[PDB]
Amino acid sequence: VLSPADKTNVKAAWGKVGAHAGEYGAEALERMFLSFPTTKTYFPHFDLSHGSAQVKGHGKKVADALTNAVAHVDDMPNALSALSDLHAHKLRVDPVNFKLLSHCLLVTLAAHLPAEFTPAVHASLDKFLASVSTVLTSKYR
């Protein structure tokens, strides 16, 4: 469960990210594809060339969904309901990959938020991304 302190840390950290969210989402995806090449098996229909506009566009979508989840951190299951439907019925990404993207999002945040990425904020962000992942896989079976 996300504590009130977790929510404070997540809102403060993502607030700092601000308009950079889309960029950071794309960076996290790039980091994921390079570090964990098995994740590319979900994007064979994508242009995965360096600096891919299609990947950047997807980074924006992922980031926007996260921004929405932060804005509705008290009720993420309802906020992400349509997205969770899509993941369960269409995308059907194996649950193990959500941890890989979450880690790459953390790495991206760490690389861009030198002052804000304290041990406590790190912990809260990890719980948050795990919670989002849980919602997105909640309807799988």
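For every residue, the number given is its place in the sequence shown, counted from 1. Rigid core: the largest C-alpha set superposing within 1.5 Å between the two forms.
Novice: Once everything is fitted on the core, do the CA positions of 110-118 or those of 84-92 lie farther from the shown form in 6 other deposited structures of this protein?
Specialist: Checking 110-118 against 84-92 in 6 other deposited structures of this protein, I find the farther stretch is 84-92.
Novice: Quick check on the record: does 66-74 or 37-45 carry the larger mean Cα temperature factor?
Specialist: It is 66-74.
Novice: Taking only the CA atoms, which stretch has the higher mean B-factor in the record, 24-32 or 77-85?
Specialist: Higher of the two, by average CA B-factor, is 77-85.
Novice: Check the PDB entry and point out which of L113, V96, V55, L105 has the largest C-alpha temperature factor.
Specialist: When the deposited C-alpha B-factors of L113, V96, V55, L105 are compared, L113 is largest.
Novice: Comparing against every modelled residue in the chain, figure out the third that the C-alpha B-factor of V121 lands in (lowest, middle or highest).
Specialist: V121: CA B-factor falls in the middle third of its chain.
Novice: Where does the C-alpha B-factor of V17 rank in its chain, lowest, middle or highest third?
Specialist: As the PDB entry reports it, the C-alpha B-factor of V17 lands in the highest third of its chain.
Novice: So where's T137 on the chain's Cα temperature factor ranking, which third?
Specialist: As the PDB entry reports it, the C-alpha B-factor of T137 lands in the lowest third of its chain.
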